[PDB]
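Residue numbers (the deposited numbering), protein chains in the order written: chain A, 1 to 86; chain A', 1 to 86. A prime marks a further copy of an entry chain.
Note that beta-carbon positions come from the ideal geometry of N, C-alpha and C, so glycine has one too.
Below: one structure, written as structure tokens.
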């Protein structure tokens, strides 16, 4: 139901890095995508992938249920967008 | 795709009230519901409805696209859960 599109230009990902307070480094992969929210065009969205998750190939995806969780105030929140092919 | 269930016990809603800093009062309706996230059972979630939105009747619902928006850091966030009957 939520249609997410990774265009050919968006196979191109980036990696952000640093070290934590507690002496330990990190790297997160980041990729852009288009999410169709029923507006005139799809919106540009940024995804930050989980540790050691490969970037997504071009194609149509949908949002996997594991993207969601119950937040701090009892309401449903997005943890991070986890996609599965359509 | 996200299945939300309002049980007969959850027709029972509540209203929270107060006045704002800038001299103006408010009231938000709040209702509970069950969201199926593929785990062993559905999770209990709290919904806070929009201004002047009536509470939901019992039944099966799904999440409407207008629940989502692009947040402050460029990622997709839930604004508040807006439901439509299944």
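Residue-level contact check: residue 28 of chain A does not touch chain A', since none of the beta carbons of chain A' fall below 8 Å from its beta carbon. DSSP, read as helix, strand or coil, puts residue 31 of chain A in strand. Around residue 9 of chain A, no beta-carbon contact reaches into chain A' at under 7 Å, the shortest distance being about 17 Å. Leaving aside the five residues that flank residue 79 of chain A on each side, the residues in its chain whose CB is nearer than 7 Å to its CB run, in chain order, 67, 68 and 69. Secondary structure note for residue 16 of chain A': its beta strand (DSSP E) is the uninterrupted segment 14–19.
Residue 59 of chain A and residue 50 of chain A' have their C-alpha atoms spaced approximately 35 Å apart. Nearest C-alpha to residue 82 of chain A among A:12, A:16 and A:54: A:54.
Classified as buried, residue 76 of chain A' has 16 or more neighbouring CB atoms from the shown chains inside 10 Å of its CB. Residues of the stretch 10–26 of chain A with a Cβ closer than 9 Å to any Cβ of chain A': none. With respect to chain A', the C-beta atom of residue 83 of chain A has no partner C-beta closer than 8 Å. Taken through DSSP and simplified to helix, strand or coil, residue 44 of chain A' comes out as strand. A Cβ-Cβ distance of about 5 Å is found for the pair residue 56 of chain A' and residue 6 of chain A', placing them in contact under the 8 Å criterion.
Taken in chain order, the complete beta strand (DSSP E) segments of 3 or more residues contained in the stretch 49–77 of chain A' are 59–63 and 68–70. When only Cα atoms are considered, residue 9 of chain A' and residue 22 of chain A' end up about 37 Å apart.
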